[PDB]
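Everything below concerns the one structure shown next.
Positions are given from 1 along the sequence. Worth knowing before you read on, the calculation uses all heavy atoms, side chains too, and leaves out hydrogens, waters and symmetry mates.
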Amino acid sequence: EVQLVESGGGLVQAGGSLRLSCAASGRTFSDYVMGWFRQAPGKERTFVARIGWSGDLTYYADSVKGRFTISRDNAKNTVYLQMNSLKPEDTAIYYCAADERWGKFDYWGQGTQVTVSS
């Protein structure tokens with residue numbers, strides 16, 4: 001099975017930025033669509049962004065499109081989420097996810113906290 005390990009969470013001031021990363025291992029990384037989800041403490045886990053196998057096709061939730069950028073490096077088995085212009089409402093636990101097909105993902109990371117101070 002594929003293992004996903006997120007990195008890069010932290011505390012940032014409103015208007016700032018963070019880059020999350022997620023390293024996949026155990027199977028050929030280029031066989032998987034990679035996605036990011038987030039769960040705010042009082043809401044259910046919601047979709048953030050996903051990227052196609054080759055890194056060309058990307059899709060973003062309305063609430064983050066234009067501020068967040070998803071990318072991948074298939075030689076490093078890593079997917080990235082560059083989060084710019086952060087808002088307090090971006091505060092959440094962010095989860096990496098993987099699936100061979102393009103809300104259901106077979107594999108999930110353990111989550112990393114992102115806190116945006118007002």
Side-chain angles (χ1 to χ4, degrees), residues 2-26 28-42 44-75 77-100 102-103 105-118:
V2 179
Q3 281 186 254
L4 305 173
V5 178
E6 299 104 319
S7 297
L11 168 66
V12 183
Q13 279 288 349
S17 67
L18 279 179
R19 179 197 289 157
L20 303 183
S21 69
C22 169
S25 61
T28 305
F29 177 66
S30 56
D31 284 350
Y32 292 87
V33 173
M34 301 302 297
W36 288 96
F37 293 73
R38 68 185 177 185
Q39 179 158 27
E44 61 184 323
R45 184 191 60 199
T46 61
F47 169 79
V48 174
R50 64 172 172 179
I51 186 162
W53 307 262
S54 290
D56 293 313
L57 185 56
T58 59
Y59 176 69
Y60 301 89
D62 286 348
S63 57
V64 310
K65 189 172 176 66
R67 306 187 295 116
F68 293 9
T69 302
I70 191 175
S71 63
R72 65 194 295 163
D73 182 347
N74 287 346
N77 297 335
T78 299
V79 62
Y80 305 98
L81 188 68
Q82 180 64 50
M83 307 167 68
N84 297 344
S85 300
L86 284 165
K87 304 184 227 258
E89 68 183 30
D90 294 322
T91 300
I93 297 173
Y94 285 74
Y95 295 93
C96 178
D99 196 292
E100 285 189 54
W102 172 271
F105 278 73
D106 278 339
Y107 301 103
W108 292 85
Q110 297 300 123
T112 180
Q113 177 72 41
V114 173
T115 304
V116 181
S117 178
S118 62

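- Taking hydrophobic clusters as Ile, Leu, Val, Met, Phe, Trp and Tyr residues chained together by side-chain heavy-atom distances below 4.5 Å, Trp102 shares a cluster with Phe105.
- Atom CZ of residue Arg19 and atom OG1 of residue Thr69 lie 10.5 Å apart, to the nearest 0.5 angstrom.
- Side-chain atoms of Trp108 and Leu4, non-hydrogen and from C-beta on, never get closer than 4.5 Å to each other.
- Connection of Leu18 to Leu11 is not established within any shared hydrophobic cluster, with ILVMFWY side chains joined at heavy-atom distances below 4.5 Å, either directly or through further cluster members.
- In this view, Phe47 and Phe37, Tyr59 satisfy the ring-ring contact (aromatic ring centres under 6.0 Å, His included) rule, not counting sequence neighbours.
- For the pair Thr112 and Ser7, the minimum side-chain heavy-atom distance is 4.5 Å or more.
- A salt bridge does not link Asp99 to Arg50: none of the charged side-chain nitrogens sits closer than 4.0 Å to a carboxylate oxygen.
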Exercise for review: Might you work through the side chain to side chain contact (heavy atoms under 4.5 Å, CB included) test for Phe29 and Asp73, ending with a clear yes or no?
Suggested key: CA-CA 9 Å; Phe29 177 66; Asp73 182 347; over 6 Å; no

Exercise for review: Would you please test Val114 and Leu20 for side chain to side chain contact (heavy atoms under 4.5 Å, CB included) and show each step?
Suggested key: CA-CA 9 Å; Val114 173; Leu20 303 183; 4.0 Å; yes

Point to revise | Candidate pair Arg38 and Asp90, rule side chain to side chain contact (heavy atoms under 4.5 Å, CB included), full reasoning | key: CA-CA 9 Å; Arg38 68 185 177 185; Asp90 294 322; 2.9 Å; yes

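- At least one donor-acceptor pair under 3.5 Å links the side chain of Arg72 to the backbone N or O of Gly52.
- For the pair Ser85 (side chain) and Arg67 (backbone), a donor-acceptor distance under 3.5 Å is absent.
- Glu6 contributes a side-chain N or O that, together with a main-chain N or O of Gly111, makes up a donor-acceptor pair within less than 3.5 Å.
- Side-chain contact check for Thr115 versus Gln113: some heavy-atom pair is nearer than 4.5 Å.
- Within a 6.0 Å radius of CD in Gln110, other residues, nucleotides and ligands contribute 12 heavy atoms or fewer.
- A donor-acceptor contact shorter than 3.5 Å is absent between the side chain of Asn74 and the backbone of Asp31.
- Here the shortest heavy-atom pairing between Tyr80 and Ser21 reads CD2-CB, 3.9 Å.
- The shortest side-chain heavy-atom distance between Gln82 and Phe68 does not fall under the 4.5 Å cut-off.
- Remark: side-chain polar atoms of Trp53 are paired, donor with acceptor, to backbone N or O of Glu100 under 3.5 angstrom.
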